[PDB]
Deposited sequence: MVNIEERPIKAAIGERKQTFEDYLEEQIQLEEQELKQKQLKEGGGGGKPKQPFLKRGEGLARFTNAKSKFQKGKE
């Protein structure tokens, strides 16, 4: 059991492992191995200042 202030950070950036699409391409491949909803529009919030 560990205290909440000592909850460790799990970085994606490997160090001498990944940085660019080295982490992304490794994940896209591991994924391949396994009534549309109405959405908010641009400028919809602006309109509420009239």
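- Going by the record, the unmodelled stretches of the deposited sequence, in order, are 35-48, 65-75.
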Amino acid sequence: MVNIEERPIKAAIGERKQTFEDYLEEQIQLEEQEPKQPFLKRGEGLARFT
From here on, numbers count along this sequence of modelled residues.
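- Remark: stretch with higher mean C-alpha B factor among 4-12 and 41-49 is 4-12.
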